[PDB]
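Undergrad: Each protein sequence line maps, in turn, to chains A and B.
Under UniProt numbering, the first residue of the first sequence carries the number 393, and numbering increases by one thereafter.
Under UniProt numbering, the first residue of the second sequence carries the number 941, and numbering increases by one thereafter.
All residues carry an ideal CB built from backbone N, CA and C; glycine is no exception.
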Amino acid sequence: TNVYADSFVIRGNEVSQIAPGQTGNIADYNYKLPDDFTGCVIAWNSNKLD
Amino acid sequence: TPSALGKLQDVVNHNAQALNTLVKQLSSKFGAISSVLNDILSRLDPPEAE
Numbered sequence: 393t394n395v396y397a398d399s400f401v402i403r404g405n406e407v408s409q410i411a412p413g414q415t416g417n418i419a420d421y422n423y424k425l426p427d428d429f430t431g432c433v434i435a436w437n438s439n440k441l442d
Numbered sequence: 941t942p943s944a945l946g947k948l949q950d951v952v953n954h955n956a957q958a959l960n961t962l963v964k965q966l967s968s969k970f971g972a973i974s975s976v977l978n979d980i981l982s983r984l985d986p987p988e989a990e
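1. Please identify, using Cβ separations under 8 Å, the residues of the segment 411-437 of chain A that lie next to chain B, in order along the chain.
2. Helix, strand or coil for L441 of chain A, going by three-state DSSP, please let me know.
3. Do you know offhand how far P426 of chain A's Cα is from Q409 of chain A's?
4. Return no unless some Cβ of chain A is closer than 9 Å to the Cβ of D979 of chain B.
5. Looking at the secondary structure, which residues open and close the alpha helix (DSSP H) in which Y421 of chain A lies?
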């Protein structure tokens with residue numbers, strides 16, 4: 393029905409924080425996912441680009 | 941003879957025993973790591989504590 397794509401770059405090891413029910417710096421201050429989140433998470437290495 | 945009202949005594953005895961075992965069933969660990977919901981919520985993340 394309505395699909396939205398978010399884009400953000402993190403320090404790599406913080407990929408575990410982008411998930412429902414997770415806590416941390418990015419999870420609590422920058423980007424938080426609700427417990428009823430229904431979607432997909434796509435993360436790849438960008439050490440050559442960014 | 942105190943054993944004249946044995947039926948009326950056993951009725952409330954069985955009722956109290958059922959209440960006691962229903963209370964004790966809360967201390968059971970039905971495949972979980974603990975019988976307290978607060979401990980499970982504080983130890984594991986929501987996706988795993990579900």
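TA: So, from the listed chains and residues:
1. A411, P412, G413, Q414, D427
2. coil
3. 12 Å
4. no
5. 417-421
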